[PDB]
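Numbering (the entry's author numbering), first residue to last: 55 to 292. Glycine included, each C-beta is placed from N, C-alpha and C at the ideal position. See below for the structure under consideration.
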Amino acid sequence: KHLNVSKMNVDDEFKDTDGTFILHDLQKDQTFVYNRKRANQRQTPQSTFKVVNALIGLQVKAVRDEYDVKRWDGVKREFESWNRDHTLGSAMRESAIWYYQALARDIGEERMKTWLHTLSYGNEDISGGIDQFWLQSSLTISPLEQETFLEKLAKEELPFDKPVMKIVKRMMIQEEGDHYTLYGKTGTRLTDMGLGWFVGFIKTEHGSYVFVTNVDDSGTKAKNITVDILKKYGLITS
């Protein structure tokens, strides 16, 4: 019934990819890591940082809720899903960077810095600029450090109001099946599609699990790898 993570193997998901995969069993307190070296290498978080931005932004009331609308400026950007008015939640779902750049500006350098130390978020380096630092810039975090943060979010053991964490979790929902809920956030270095993430957690009828996938490829690749693993190991069912 219950997936024992110490028994897994995911080699063939990465046979042609430089990557790492981490799976933490919340009920049993056990962590499986494929590619320990890469799991310990700090990398730029890309849009996985939206999770943190949303938590801080809601907590400090820079945004009201998942429906807080910011109007599009009419500039055609790389993805057509970005070229529309957005909310905190839709900008997470569609990875509309411009929305979260406006949010980061409202949070401000000093508040962001204090929060990143509270959250132990990687190298905590925001010198790349208040609306650039998480995008192939100064801030880096290892896949294992991402796991540590996301495990605290799953357990709701972070210094945010309970409704704030509930809202952010809801914004991360990717699939709601009959027997599981998949939560996650992609990230990609869009300059060259050369760095990819899919991070999150899955709730099943036999425990919840926290995952981090990171690859020298797109965030779509990271997500497809993660979904394949979660299906192979019986966590995504229906």
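- Assuming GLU201 and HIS78 form a contact by the criterion Cβ under 8 Å, report the distance between their Cβ atoms to the nearest whole angstrom. Going by Cβ atoms, the distance from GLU201 to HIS78 rounds to 6 Å, so yes, they are a contact pair.
- Using 10 angstroms around the beta-carbon of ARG92, count the other beta-carbons present and answer buried if the total reaches 16, otherwise exposed. With 16 or more other Cβ atoms from the protein chains shown falling within 10 Å of its own Cβ, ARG92 counts as buried.
- In three-state terms, what does DSSP make of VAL266? The answer is strand: DSSP assigns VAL266 an E or B state.
- Query: When you compare each of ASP139, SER60 and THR71 to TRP251 by their alpha carbons, which one comes out closest?
  - Reply: The shortest C-alpha separation from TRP251 is found at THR71.
- Item | Proximity below 8 Å, CB of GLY143 to CB of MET225 | Result yes, Cβ atoms of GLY143 and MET225 sit closer than 8 Å.
- Range covered by the beta strand (DSSP E) that runs through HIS78: That run of the beta strand (DSSP E) goes 73–79.
- For the beta strand (DSSP E) that contains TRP251, what are its first and last residues? For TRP251, the uninterrupted beta strand (DSSP E) run begins and ends at 250–258, by DSSP.
- Message: Could you tell me which whole alpha helix (DSSP H) segments of length 4 or greater appear in the stretch 129–190?
- Response: Taking only runs of at least 4 residues, the alpha helix (DSSP H) segments lying wholly in the stretch 129–190 are 142–147, 151–161 and 163–172.
- Query: Which class does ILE290 belong to by DSSP, given the choice of helix, strand or coil?
  - Reply: Coil, per DSSP.
- Task: Spatial neighbours of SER101 within its chain, please: CB distance less than 6 Å, with the 5 preceding and 5 following residues excluded, ordered by chain position.
- Result: Result list for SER101: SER149 and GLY241, in chain order.
- Item | Residue(s) in a DSSP beta bridge with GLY241 | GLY241 is bridged to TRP251.
- Item | Inter-residue Cα distance where the pair is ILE227 and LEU289 | Between the alpha carbons of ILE227 and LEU289 lies a gap of roughly 15 Å.
- Short check: CB of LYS223 to CB of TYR237, under 8 Å? In contact: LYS223 and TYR237 (Cβ atoms closer than 8 Å).
- Message: Considering Cα atoms alone, identify which of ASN58, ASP122, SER135 and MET219 is closest to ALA156.
- Response: Across the set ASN58, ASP122, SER135 and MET219, the C-alpha of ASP122 shows the shortest separation from the C-alpha of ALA156.
- Message: Considering just the uninterrupted stretch of the beta strand (DSSP E) at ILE227, what are its terminal residues?
- Response: 227–230 is the extent of the beta strand (DSSP E) around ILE227.
- Message: Assuming the contact rule is C-beta atoms closer than 8 Å, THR74 and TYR88 should be a hit. Round their C-beta distance to whole Å, please.
- Response: About 6 Å separates the beta carbon of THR74 from that of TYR88, a gap short enough to meet the 8 Å contact definition.
- Under 6 Å Cβ to Cβ from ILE279, same chain only, skipping five residues before and after it: list those, please. Hits under 6 Å: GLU67 and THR267.
- Item | Bounding residues of the beta strand (DSSP E) (the contiguous stretch that carries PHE203) | DSSP places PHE203 in no beta strand (DSSP E) but in the uninterrupted alpha helix (DSSP H) bounded by 197–209.
- Three-state class that DSSP yields for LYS69 in the structure shown: The three-state secondary structure of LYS69, taken from DSSP, is coil.
- Message: Taking the alpha-carbon of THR235 as reference, which of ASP271, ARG96, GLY254 and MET247 has the nearest alpha-carbon?
- Response: Taking each of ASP271, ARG96, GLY254 and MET247 in turn and checking the Cα distance to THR235, the smallest one comes out for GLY254.
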